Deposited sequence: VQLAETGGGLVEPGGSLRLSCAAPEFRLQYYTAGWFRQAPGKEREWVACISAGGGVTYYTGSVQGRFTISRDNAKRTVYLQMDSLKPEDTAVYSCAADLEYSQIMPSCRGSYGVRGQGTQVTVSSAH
């Protein structure tokens, strides 16, 4: 675990939340970054090193947005219109397999963060 995630927690259905993933030592700015979730683990979104190309899994298309700030060596997941089914542990990773982003976020994504719980519920 070479990445440091932050920003999860409880959110009302229909609400928004923003996750952050920062790199203390790792040069994140050079690599494709992606977010994954597990309620089996599945890819959610990925973004090219330069930030000009992104891919999203079908179930989050139009609701989630991935972005990055290379000057801060950080990657973000903006989650809008959240649903109960979005409840899961979310984790960021960087891919060192490919020099460019691959369609459907193909890659080994061998460097990762610890992950954060995101819970979508009206409770509390």
Worksheet item: Got a list of the deposited-sequence ranges with no coordinates?
Response: 40-42
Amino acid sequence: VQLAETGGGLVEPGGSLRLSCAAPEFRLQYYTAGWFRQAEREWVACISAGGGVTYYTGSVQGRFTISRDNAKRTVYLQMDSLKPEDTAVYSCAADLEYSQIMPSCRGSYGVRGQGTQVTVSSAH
From here on, numbers count along this sequence of modelled residues.
Fill in: Given 103-111 and 21-29, the range whose Cα B-factors average higher in the PDB entry
21-29
Worksheet, complete the sentence: Assert higher mean C-alpha B factor (84-92 or 71-79, deposited values) equals 84-92
Worksheet item: Say you rank 39, 49, 60, 46 by Cα B-factor from the PDB entry; which sits at the top?
Response: 39
